[PDB]
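Read through the structure below, which is laid out as structure tokens, and then see the notes.
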Amino acid sequence: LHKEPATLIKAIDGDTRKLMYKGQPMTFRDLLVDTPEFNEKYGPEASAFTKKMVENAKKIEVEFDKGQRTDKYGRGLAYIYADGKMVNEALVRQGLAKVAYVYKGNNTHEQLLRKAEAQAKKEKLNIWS
Ligand SMILES: Cc1cn([C@H]2C[C@H](OP(=O)(O)O)[C@@H](COP(=O)(O)O)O2)c(=O)[nH]c1=O
Ligand SMILES: [Ca+2]
Numbered sequence: 007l008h009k010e011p012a013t014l015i016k017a018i019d020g021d022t023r024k025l026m027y028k029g030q031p032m033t034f035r036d037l038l039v040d041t042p043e050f051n052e053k054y055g056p057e058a059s060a061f062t063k064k065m066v067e068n069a070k071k072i073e074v075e076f077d078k079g080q081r082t083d084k085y086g087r088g089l090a091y092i093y094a095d096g097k098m099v100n101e102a103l104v105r106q107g108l109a110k111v112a113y114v115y116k117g118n119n120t121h122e123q124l125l126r127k128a129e130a131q132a133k134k135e136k137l138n139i140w141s
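Going by the deposited numbering, the letters in the sequence shown line up with residues 7 to 43, 50 to 141, in that order.
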């Protein structure tokens, strides 16, 4: 897997954001996670956490996995990094997302995220509180 450049266009919610990738605007959906919708418990906190993480970053990167790069809704599917720190993992570690949507061929960082989730749970963070 390799990281590619991208620029924030706009935060949307916990696990989605608009980025410009290869000079084109695209909604990205975070691989391997599920944040609550804004209208749900921990939804706003999830949205706020990622927004801050990406808006504060000097460098956003996208990392496609080995399988599908686009979902059925035309969203990019990737691991997103903000100054070297993976947003997908950070959300899980804070108990602001669950490991979810783990399809074969796009699950390279599954164990890593599961590791993060187990630690969030032990700490009973946010969603596990
Ligand atoms: C994360 C992810 C979601 N999706 C699809 C599954 C769900 O379709 P359905 O809505 O039909 O169940 C939807 C959930 O996205 P949200 O969690 O953003 O709603 O996105 C993929 O197809 N691939 C993925 O890697
Ligand atoms: Ca969601």
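Backbone N, C-alpha and C fix where the C-beta goes; we use that ideal spot for every residue, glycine too.
Element boundaries [alpha helix (DSSP H), containing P56]: 55 to 67
For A102, the first and last residue of its enclosing alpha helix (DSSP H): 99 to 105
Pick from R81, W140, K136, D77 that is closest to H121, judged by C-alpha positions: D77
Proximity test, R35 beta-carbon vs ligand 1 heavy atom, cut-off 7 Å: yes
Spatially closest choice to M26 from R87, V99, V39, by CA coordinates: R87
Neighbourhood of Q106 by C-beta, 8 Å cutoff - its chain only, sequence neighbours within 5 removed: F61, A132, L137, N138
Contacts around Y113, its chain only, beta-carbon distance under 8 Å, and the 5 residues preceding and following it disregarded: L37, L38, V39, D40
Option nearest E67 by Cα separation, candidates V104, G79, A12, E52: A12
Beta-carbon separation (whole angstroms), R35 vs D83, contact threshold 8 Å: 6 Å
Local Cβ density within 10 Å of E129, reported as buried at 16 or more and exposed below that: buried
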